[PDB]
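Coordinates from protein-v8.pdb are shown below (PDB, C-alpha atoms and all ligand atoms).
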```
ATOM      1  CA  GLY O   1      58.656  49.376 -14.356
ATOM      2  CA  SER O   2      59.908  45.902 -13.336
ATOM      3  CA  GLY O   3      58.492  45.428  -9.818
ATOM      4  CA  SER O   4      55.128  44.467  -8.375
ATOM      5  CA  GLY O   5      52.264  44.655 -10.920
ATOM      6  CA  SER O   6      54.686  44.877 -13.867
ATOM      7  CA  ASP O   7      54.397  43.047 -17.181
ATOM      8  CA  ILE O   8      57.777  41.312 -16.799
ATOM      9  CA  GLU O   9      56.694  39.981 -13.358
ATOM     10  CA  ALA O  10      53.419  38.679 -14.893
ATOM     11  CA  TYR O  11      55.382  37.037 -17.775
ATOM     12  CA  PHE O  12      57.631  35.139 -15.324
ATOM     13  CA  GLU O  13      54.619  34.139 -13.226
ATOM     14  CA  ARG O  14      52.940  32.846 -16.419
ATOM     15  CA  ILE O  15      55.939  30.597 -17.272
ATOM     16  CA  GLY O  16      56.435  29.487 -13.586
ATOM     17  CA  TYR O  17      59.905  30.971 -13.394
ATOM     18  CA  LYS O  18      60.533  31.792  -9.728
ATOM     19  CA  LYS O  19      64.343  31.768  -9.827
ATOM     20  CA  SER O  20      66.394  34.910  -9.372
ATOM     21  CA  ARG O  21      70.024  33.951 -10.000
ATOM     22  CA  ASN O  22      70.506  37.567 -11.184
ATOM     23  CA  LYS O  23      72.810  36.786 -14.168
ATOM     24  CA  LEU O  24      72.351  37.388 -17.939
ATOM     25  CA  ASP O  25      74.096  34.148 -18.870
ATOM     26  CA  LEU O  26      73.450  30.990 -20.870
ATOM     27  CA  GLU O  27      72.046  29.244 -17.764
ATOM     28  CA  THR O  28      69.391  31.964 -17.334
ATOM     29  CA  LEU O  29      68.621  32.106 -21.054
ATOM     30  CA  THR O  30      68.179  28.277 -21.045
ATOM     31  CA  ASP O  31      65.955  28.339 -17.889
ATOM     32  CA  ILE O  32      63.640  30.948 -19.451
ATOM     33  CA  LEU O  33      63.413  29.081 -22.768
ATOM     34  CA  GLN O  34      62.638  25.767 -20.913
ATOM     35  CA  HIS O  35      60.085  27.413 -18.636
ATOM     36  CA  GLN O  36      58.341  29.038 -21.589
ATOM     37  CA  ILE O  37      58.154  25.858 -23.738
ATOM     38  CA  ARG O  38      56.703  23.915 -20.735
ATOM     39  CA  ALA O  39      54.017  26.577 -20.017
ATOM     40  CA  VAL O  40      53.159  28.376 -23.328
ATOM     41  CA  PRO O  41      51.804  26.054 -26.041
ATOM     42  CA  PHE O  42      52.607  26.258 -29.700
ATOM     43  CA  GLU O  43      48.976  26.481 -30.980
ATOM     44  CA  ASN O  44      46.690  28.001 -33.606
ATOM     45  CA  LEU O  45      43.291  27.359 -31.955
ATOM     46  CA  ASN O  46      42.094  31.006 -32.486
ATOM     47  CA  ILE O  47      41.935  30.350 -36.263
ATOM     48  CA  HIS O  48      39.560  27.413 -35.636
ATOM     49  CA  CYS O  49      37.329  29.353 -33.233
ATOM     50  CA  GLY O  50      36.717  32.039 -35.897
ATOM     51  CA  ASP O  51      39.211  34.500 -34.301
ATOM     52  CA  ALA O  52      42.359  36.267 -35.562
ATOM     53  CA  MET O  53      46.009  35.685 -34.785
ATOM     54  CA  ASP O  54      47.092  39.116 -33.558
ATOM     55  CA  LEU O  55      50.612  40.352 -34.286
ATOM     56  CA  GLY O  56      50.820  43.245 -31.866
ATOM     57  CA  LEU O  57      52.864  42.654 -28.728
ATOM     58  CA  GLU O  58      50.128  44.249 -26.568
ATOM     59  CA  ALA O  59      47.493  41.765 -27.897
ATOM     60  CA  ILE O  60      49.994  38.867 -27.688
ATOM     61  CA  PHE O  61      50.897  39.689 -24.089
ATOM     62  CA  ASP O  62      47.241  39.852 -23.058
ATOM     63  CA  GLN O  63      46.365  36.553 -24.798
ATOM     64  CA  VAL O  64      49.433  34.490 -23.776
ATOM     65  CA  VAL O  65      50.161  35.940 -20.321
ATOM     66  CA  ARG O  66      46.736  37.162 -19.108
ATOM     67  CA  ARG O  67      44.476  34.554 -20.834
ATOM     68  CA  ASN O  68      46.958  31.627 -20.370
ATOM     69  CA  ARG O  69      46.899  30.868 -24.094
ATOM     70  CA  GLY O  70      49.709  29.889 -26.436
ATOM     71  CA  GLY O  71      50.284  30.842 -30.046
ATOM     72  CA  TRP O  72      52.293  30.439 -33.234
ATOM     73  CA  UNK O  73      55.865  31.622 -33.933
ATOM     74  CA  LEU O  74      54.923  35.254 -34.548
ATOM     75  CA  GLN O  75      53.294  35.394 -31.109
ATOM     76  CA  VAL O  76      55.309  33.206 -28.759
ATOM     77  CA  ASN O  77      58.735  34.216 -30.154
ATOM     78  CA  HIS O  78      57.720  37.881 -30.243
ATOM     79  CA  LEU O  79      56.782  37.551 -26.537
ATOM     80  CA  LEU O  80      60.082  35.813 -25.854
ATOM     81  CA  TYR O  81      61.978  38.562 -27.740
ATOM     82  CA  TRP O  82      60.255  41.114 -25.526
ATOM     83  CA  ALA O  83      61.030  39.211 -22.265
ATOM     84  CA  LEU O  84      64.705  38.615 -23.065
ATOM     85  CA  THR O  85      65.344  42.184 -24.242
ATOM     86  CA  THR O  86      63.426  43.650 -21.255
ATOM     87  CA  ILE O  87      65.836  41.865 -18.874
ATOM     88  CA  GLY O  88      68.811  42.972 -20.989
ATOM     89  CA  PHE O  89      69.768  40.139 -23.416
ATOM     90  CA  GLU O  90      70.975  41.344 -26.802
ATOM     91  CA  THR O  91      68.350  39.663 -28.960
ATOM     92  CA  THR O  92      67.667  39.770 -32.675
ATOM     93  CA  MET O  93      64.577  38.632 -34.652
ATOM     94  CA  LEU O  94      65.388  36.405 -37.637
ATOM     95  CA  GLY O  95      63.215  35.182 -40.458
ATOM     96  CA  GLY O  96      62.999  31.544 -41.497
ATOM     97  CA  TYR O  97      61.819  29.168 -44.224
ATOM     98  CA  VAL O  98      60.254  25.896 -43.241
ATOM     99  CA  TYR O  99      61.162  22.595 -44.830
ATOM    100  CA  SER O 100      58.466  20.559 -46.542
ATOM    101  CA  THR O 101      59.246  16.827 -46.668
ATOM    102  CA  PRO O 102      56.720  16.084 -49.437
ATOM    103  CA  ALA O 103      58.011  18.993 -51.584
ATOM    104  CA  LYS O 104      61.752  18.490 -50.684
ATOM    105  CA  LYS O 105      62.000  22.284 -50.531
ATOM    106  CA  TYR O 106      62.033  25.072 -48.001
ATOM    107  CA  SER O 107      59.063  27.436 -48.098
ATOM    108  CA  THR O 108      59.217  30.405 -50.458
ATOM    109  CA  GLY O 109      57.693  32.660 -47.848
ATOM    110  CA  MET O 110      59.490  33.767 -44.701
ATOM    111  CA  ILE O 111      56.883  31.961 -42.571
ATOM    112  CA  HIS O 112      58.932  31.390 -39.357
ATOM    113  CA  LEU O 113      60.312  33.830 -36.762
ATOM    114  CA  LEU O 114      63.193  32.738 -34.507
ATOM    115  CA  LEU O 115      65.664  34.580 -32.311
ATOM    116  CA  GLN O 116      69.405  35.151 -31.989
ATOM    117  CA  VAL O 117      70.810  35.890 -28.532
ATOM    118  CA  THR O 118      74.388  37.090 -27.999
ATOM    119  CA  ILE O 119      76.085  36.577 -24.602
ATOM    120  CA  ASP O 120      79.706  37.722 -24.117
ATOM    121  CA  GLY O 121      80.550  37.458 -27.841
ATOM    122  CA  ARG O 122      78.913  33.982 -28.196
ATOM    123  CA  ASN O 123      75.904  33.660 -30.494
ATOM    124  CA  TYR O 124      72.925  31.399 -29.883
ATOM    125  CA  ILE O 125      69.745  30.520 -31.712
ATOM    126  CA  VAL O 126      66.598  30.497 -29.574
ATOM    127  CA  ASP O 127      63.104  29.390 -30.699
ATOM    128  CA  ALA O 128      60.082  28.654 -28.500
ATOM    129  CA  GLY O 129      57.646  28.638 -31.428
ATOM    130  CA  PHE O 130      58.080  25.691 -33.832
ATOM    131  CA  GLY O 131      56.598  23.001 -31.596
ATOM    132  CA  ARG O 132      56.121  19.260 -31.359
ATOM    133  CA  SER O 133      59.306  17.131 -31.423
ATOM    134  CA  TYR O 134      61.122  19.840 -33.477
ATOM    135  CA  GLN O 135      61.467  22.007 -30.371
ATOM    136  CA  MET O 136      64.936  22.711 -28.974
ATOM    137  CA  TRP O 137      65.298  22.370 -25.181
ATOM    138  CA  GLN O 138      68.450  24.466 -25.052
ATOM    139  CA  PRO O 139      69.822  27.423 -27.026
ATOM    140  CA  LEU O 140      71.895  26.271 -29.998
ATOM    141  CA  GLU O 141      75.359  27.719 -30.519
ATOM    142  CA  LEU O 142      75.719  29.308 -33.956
ATOM    143  CA  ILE O 143      78.582  27.014 -35.047
ATOM    144  CA  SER O 144      78.362  25.539 -38.571
ATOM    145  CA  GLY O 145      78.213  21.735 -38.533
ATOM    146  CA  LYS O 146      78.659  21.191 -34.811
ATOM    147  CA  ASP O 147      76.609  18.325 -33.322
ATOM    148  CA  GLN O 148      74.482  19.602 -30.407
ATOM    149  CA  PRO O 149      72.902  16.630 -28.554
ATOM    150  CA  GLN O 150      69.802  17.485 -26.499
ATOM    151  CA  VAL O 151      67.035  15.392 -24.940
ATOM    152  CA  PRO O 152      64.701  15.678 -27.997
ATOM    153  CA  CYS O 153      67.409  14.811 -30.540
ATOM    154  CA  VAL O 154      70.796  15.812 -31.825
ATOM    155  CA  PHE O 155      70.454  19.277 -33.435
ATOM    156  CA  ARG O 156      72.756  20.754 -36.090
ATOM    157  CA  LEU O 157      73.014  24.256 -37.484
ATOM    158  CA  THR O 158      74.915  24.354 -40.785
ATOM    159  CA  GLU O 159      75.764  27.351 -42.935
ATOM    160  CA  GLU O 160      75.712  27.144 -46.742
ATOM    161  CA  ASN O 161      75.820  30.158 -49.130
ATOM    162  CA  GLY O 162      74.590  32.708 -46.598
ATOM    163  CA  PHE O 163      71.753  30.478 -45.301
ATOM    164  CA  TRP O 164      71.723  28.675 -41.981
ATOM    165  CA  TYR O 165      69.996  25.289 -41.743
ATOM    166  CA  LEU O 166      68.481  23.748 -38.623
ATOM    167  CA  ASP O 167      68.405  19.914 -38.902
ATOM    168  CA  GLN O 168      67.829  17.131 -36.336
ATOM    169  CA  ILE O 169      68.725  13.497 -35.950
ATOM    170  CA  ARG O 170      65.813  11.776 -34.296
ATOM    171  CA  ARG O 171      65.541   8.432 -32.484
ATOM    172  CA  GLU O 172      63.596   5.381 -33.539
ATOM    173  CA  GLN O 173      59.863   5.900 -32.921
ATOM    174  CA  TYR O 174      58.033   3.131 -31.099
ATOM    175  CA  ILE O 175      54.248   3.179 -31.703
ATOM    176  CA  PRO O 176      52.728   0.469 -29.416
ATOM    177  CA  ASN O 177      49.294   0.903 -31.064
ATOM    178  CA  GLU O 178      49.650  -0.554 -34.565
ATOM    179  CA  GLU O 179      46.331   1.134 -35.580
ATOM    180  CA  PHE O 180      48.271   4.435 -35.581
ATOM    181  CA  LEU O 181      51.398   3.065 -37.250
ATOM    182  CA  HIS O 182      50.663   5.001 -40.467
ATOM    183  CA  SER O 183      49.199   8.155 -38.903
ATOM    184  CA  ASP O 184      49.662  11.216 -41.168
ATOM    185  CA  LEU O 185      51.156  12.787 -38.037
ATOM    186  CA  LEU O 186      54.232  10.571 -38.299
ATOM    187  CA  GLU O 187      57.128  10.456 -40.644
ATOM    188  CA  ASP O 188      59.795   7.812 -40.807
ATOM    189  CA  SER O 189      63.004   9.850 -41.294
ATOM    190  CA  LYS O 190      65.697  10.005 -38.613
ATOM    191  CA  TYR O 191      67.565  12.921 -40.287
ATOM    192  CA  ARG O 192      64.959  15.675 -40.630
ATOM    193  CA  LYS O 193      65.533  19.136 -42.120
ATOM    194  CA  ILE O 194      63.529  21.619 -40.018
ATOM    195  CA  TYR O 195      64.078  25.113 -41.341
ATOM    196  CA  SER O 196      66.486  27.553 -42.914
ATOM    197  CA  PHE O 197      67.133  31.217 -42.150
ATOM    198  CA  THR O 198      69.534  34.129 -42.544
ATOM    199  CA  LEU O 199      71.174  36.307 -39.885
ATOM    200  CA  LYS O 200      69.626  39.460 -41.368
ATOM    201  CA  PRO O 201      68.024  41.403 -38.471
ATOM    202  CA  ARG O 202      64.193  41.671 -38.794
ATOM    203  CA  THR O 203      61.415  43.629 -37.015
ATOM    204  CA  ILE O 204      57.867  42.352 -36.419
ATOM    205  CA  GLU O 205      56.683  44.593 -39.293
ATOM    206  CA  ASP O 206      58.586  42.294 -41.663
ATOM    207  CA  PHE O 207      55.948  39.615 -40.892
ATOM    208  CA  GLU O 208      52.805  41.724 -41.366
ATOM    209  CA  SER O 209      51.959  40.171 -44.779
ATOM    210  CA  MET O 210      52.833  36.669 -43.671
ATOM    211  CA  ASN O 211      50.692  37.035 -40.529
ATOM    212  CA  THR O 212      47.586  37.544 -42.753
ATOM    213  CA  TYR O 213      48.584  34.926 -45.278
ATOM    214  CA  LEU O 214      49.283  32.185 -42.712
ATOM    215  CA  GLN O 215      45.814  32.513 -41.127
ATOM    216  CA  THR O 216      43.770  32.934 -44.346
ATOM    217  CA  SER O 217      45.392  30.832 -47.157
ATOM    218  CA  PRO O 218      44.167  27.255 -47.935
ATOM    219  CA  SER O 219      47.864  26.508 -48.623
ATOM    220  CA  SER O 220      48.721  27.192 -44.966
ATOM    221  CA  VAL O 221      49.023  24.300 -42.596
ATOM    222  CA  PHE O 222      47.528  26.695 -39.990
ATOM    223  CA  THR O 223      44.116  26.809 -41.721
ATOM    224  CA  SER O 224      44.224  23.055 -42.636
ATOM    225  CA  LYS O 225      44.666  21.635 -39.106
ATOM    226  CA  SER O 226      43.936  22.729 -35.536
ATOM    227  CA  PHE O 227      46.712  21.898 -33.144
ATOM    228  CA  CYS O 228      48.500  22.583 -29.923
ATOM    229  CA  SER O 229      51.746  21.253 -28.420
ATOM    230  CA  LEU O 230      53.479  21.624 -25.081
ATOM    231  CA  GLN O 231      56.816  20.293 -23.905
ATOM    232  CA  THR O 232      57.118  18.346 -20.653
ATOM    233  CA  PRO O 233      60.186  17.321 -18.565
ATOM    234  CA  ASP O 234      60.384  14.048 -20.571
ATOM    235  CA  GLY O 235      58.605  14.569 -23.885
ATOM    236  CA  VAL O 236      55.839  16.367 -25.787
ATOM    237  CA  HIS O 237      52.036  16.516 -25.744
ATOM    238  CA  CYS O 238      50.448  17.370 -29.108
ATOM    239  CA  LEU O 239      46.812  17.474 -30.127
ATOM    240  CA  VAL O 240      46.138  17.612 -33.916
ATOM    241  CA  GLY O 241      42.449  17.765 -34.834
ATOM    242  CA  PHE O 242      40.853  14.983 -32.742
ATOM    243  CA  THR O 243      44.092  13.028 -32.330
ATOM    244  CA  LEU O 244      45.947  13.343 -29.015
ATOM    245  CA  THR O 245      49.552  12.252 -28.836
ATOM    246  CA  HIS O 246      52.216  11.980 -26.180
ATOM    247  CA  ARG O 247      55.859  11.384 -27.012
ATOM    248  CA  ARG O 248      58.232  10.160 -24.323
ATOM    249  CA  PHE O 249      61.832  10.855 -25.381
ATOM    250  CA  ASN O 250      64.360   8.037 -25.123
ATOM    251  CA  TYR O 251      61.845   5.828 -23.391
ATOM    252  CA  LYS O 252      63.924   2.654 -23.908
ATOM    253  CA  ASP O 253      66.585   1.307 -26.300
ATOM    254  CA  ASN O 254      67.362   4.726 -27.904
ATOM    255  CA  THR O 255      63.709   4.892 -29.006
ATOM    256  CA  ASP O 256      60.929   7.454 -28.427
ATOM    257  CA  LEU O 257      57.528   6.121 -27.302
ATOM    258  CA  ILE O 258      54.562   7.672 -29.060
ATOM    259  CA  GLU O 259      51.076   7.049 -27.598
ATOM    260  CA  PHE O 260      47.867   7.987 -29.490
ATOM    261  CA  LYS O 261      44.206   8.582 -28.495
ATOM    262  CA  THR O 262      41.268   9.624 -30.697
ATOM    263  CA  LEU O 263      39.102  12.086 -28.788
ATOM    264  CA  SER O 264      35.381  12.745 -29.152
ATOM    265  CA  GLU O 265      34.065  16.323 -29.375
ATOM    266  CA  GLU O 266      33.078  16.355 -25.677
ATOM    267  CA  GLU O 267      36.660  15.469 -24.579
ATOM    268  CA  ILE O 268      38.427  18.269 -26.516
ATOM    269  CA  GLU O 269      37.570  21.007 -23.979
ATOM    270  CA  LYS O 270      38.633  18.900 -21.042
ATOM    271  CA  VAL O 271      41.984  17.819 -22.577
ATOM    272  CA  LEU O 272      42.716  21.448 -23.572
ATOM    273  CA  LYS O 273      42.321  22.515 -19.938
ATOM    274  CA  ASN O 274      43.836  19.477 -18.220
ATOM    275  CA  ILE O 275      46.849  18.894 -20.468
ATOM    276  CA  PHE O 276      47.504  22.315 -22.093
ATOM    277  CA  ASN O 277      45.860  24.822 -19.665
ATOM    278  CA  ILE O 278      43.967  26.250 -22.566
ATOM    279  CA  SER O 279      40.492  27.654 -21.916
ATOM    280  CA  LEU O 280      38.708  29.005 -24.970
ATOM    281  CA  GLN O 281      36.084  31.826 -25.065
ATOM    282  CA  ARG O 282      34.543  30.734 -28.415
ATOM    283  CA  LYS O 283      33.765  27.214 -29.626
ATOM    284  CA  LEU O 284      36.640  25.311 -31.287
ATOM    285  CA  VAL O 285      35.856  23.461 -34.489
ATOM    286  CA  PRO O 286      38.650  20.848 -34.561
ATOM    287  CA  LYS O 287      39.981  20.270 -38.016
ATOM    288  CA  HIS O 288      42.263  17.606 -39.518
ATOM    289  CA  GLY O 289      42.854  18.718 -43.128
ATOM    290  CA  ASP O 290      45.449  17.400 -45.541
ATOM    291  CA  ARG O 291      48.383  19.840 -45.337
ATOM    292  CA  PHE O 292      51.601  18.093 -44.338
ATOM    293  CA  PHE O 293      52.154  18.437 -40.580
ATOM    294  CA  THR O 294      53.998  15.941 -38.386
ATOM    295  CA  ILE O 295      54.594  15.698 -34.596
TER     296      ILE O 295
HETATM  297 CL    CL R   1      68.338  19.089 -23.592
END
```

The structure given in the file should be rewritten as structure tokens.
Amino acid sequence: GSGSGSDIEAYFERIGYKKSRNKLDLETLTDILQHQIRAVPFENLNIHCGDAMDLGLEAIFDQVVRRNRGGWXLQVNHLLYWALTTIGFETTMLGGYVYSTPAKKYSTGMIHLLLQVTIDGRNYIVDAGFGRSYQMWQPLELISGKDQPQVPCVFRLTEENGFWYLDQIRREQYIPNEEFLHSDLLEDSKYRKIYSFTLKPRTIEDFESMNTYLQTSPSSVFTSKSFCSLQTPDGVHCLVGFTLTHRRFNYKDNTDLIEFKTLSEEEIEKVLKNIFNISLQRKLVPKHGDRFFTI
């Protein structure tokens, strides 16, 4: 059911969503998205504790909601899909291809999962599972070439030859610690291609192969680096390996402020709890490998 003791109740508790406006509208969809991205980290720490990334919704629910963990796209967007459909939003799973700046190509594999939500004939893209400063704060209207300014950046969805492209126009980055000016976590482009996708409806079973591949292949960013990110009311926290970062959006002069701190092994556990509300049941081995990954 949907009352006391129910999974949907526990989901809303987990994301700190106490409102009950009692409308299936864009406002409610936006609220839920924002609450989720502030509470449920984009993270892959299981991989680096020697554990699996589970694809089943039962396992995902127990890990994210009951254990207060986060996850990658196949977990946190699958959870979101479940929540939105449970309350009655017409929601569709879509498969995506992630842009690689070094390669100047989108991934061959369908390595991202995002959502489409339809409300009164209007179509929106919703994604709580890409992370860092690539994370939308509001649903994006599915309108080819329209500029959609949000706090993180201006977003654009553009259609070309049956593919849809999510791009962003970022602010100037201000890095007050020059020792981190050339961090591998940073890139210097304002216009950034994020991912591509098609509107072809998918099921979770379409990502079975990719689920294994993404957590086992040396080519996967997910096995190269350990990371977690969480959105805040004014920016993003992201830990990559031993490097903790905090971005404050539009801090001053149309610029984002990025602060850096190198953590020791003893600090990792504390930061995970204090900043991300992540408590682990096996030891994390933080890793900062060489696969392209920016914040
Ligand atoms: Cl916004």

Would you list the residues that come within 9 Å of ligand CL 1 (chain R)? Count only C-alpha atoms and all ligand atoms and give the answer as a PyMOL selection string.
-> chain O and resi 136-138+149-153

Pick out the residues sitting within 7 Å of residue O:164, and hand them over as an NGL selection string; count all atoms listed in the file, and ignore anything fewer than 2 positions along from it in its own chain.
-> :O and (157-160 or 162 or 166 or 196-198)

Got time to write the residues from that selection, C-alpha atoms, as a PDB file, in the frame of the given file?
```pdb
ATOM      1  CA  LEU O 157      73.014  24.256 -37.484  1.00  0.00           C
ATOM      2  CA  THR O 158      74.915  24.354 -40.785  1.00  0.00           C
ATOM      3  CA  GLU O 159      75.764  27.351 -42.935  1.00  0.00           C
ATOM      4  CA  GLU O 160      75.712  27.144 -46.742  1.00  0.00           C
ATOM      5  CA  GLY O 162      74.590  32.708 -46.598  1.00  0.00           C
ATOM      6  CA  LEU O 166      68.481  23.748 -38.623  1.00  0.00           C
ATOM      7  CA  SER O 196      66.486  27.553 -42.914  1.00  0.00           C
ATOM      8  CA  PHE O 197      67.133  31.217 -42.150  1.00  0.00           C
ATOM      9  CA  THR O 198      69.534  34.129 -42.544  1.00  0.00           C
TER      10      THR O 198
END
```

Excluding residue O:227 and residues on its chain fewer than 3 positions from it, collect all residues at most 10 Å away from it, counting all atoms listed in the file, and give them as a count of residues only.
-> 20

I need the residue set behind the PyMOL selection byres (((chain O and resi 62) around 12) and not hetatm) for this file; please write it as a ChimeraX atom specification.
-> /O:7,10-11,14,54-61,63-71,75-76,79

Proximity to residue O:192 - best of O:144, O:245, O:216, O:168, all atoms listed in the file |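 Among the listed residues, the smallest separation from residue O:192 belongs to O:168.
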
Spell out the residues picked by the PyMOL selection byres (((chain O and resi 271-280) around 7) and not hetatm) here, as a PyMOL selection string.
-> chain O and resi 41+68-69+230+267-270+281-282

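Comparing the minimum interatomic distances between residue O:28 and each of O:225, O:155, O:84, O:235, counting only C-alpha atoms, we find that O:84 sits nearest.
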
From the set O:15, O:87, O:236, O:80, which residue has the shortest atom-to-atom contact distance to residue O:115, counting only C-alpha atoms?
->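 Distance minimum relative to residue O:115 lands on O:80.
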
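Taking atom CA of residue O:114 and atom CA of residue O:95 as the two end points, the separation is 6.4 Å.
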
Which value, in Å to one decimal, gives the distance between atom CA of residue O:252 and atom CA of residue O:32?
->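 That distance, rounded to one decimal, is 28.6 Å.
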
Just how far from atom CA of residue O:229 is atom CA of residue O:179, in Å to one decimal?
-> 22.0 Å

Sphere at (62.5, 23.9, -20.7), radius 9 Å, counting all atoms listed in the file: residues as a list in words |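 The requested residues, written out, are residues 30, 31, 32, 33, 34, 35, 36, 37, 38, 39, 136, 137, 138, 231, 232 and 233 of chain O.
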
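Comparing O:118, O:101, O:226, O:215 by their smallest distance to residue O:186, the closest is O:101 (using only C-alpha atoms).
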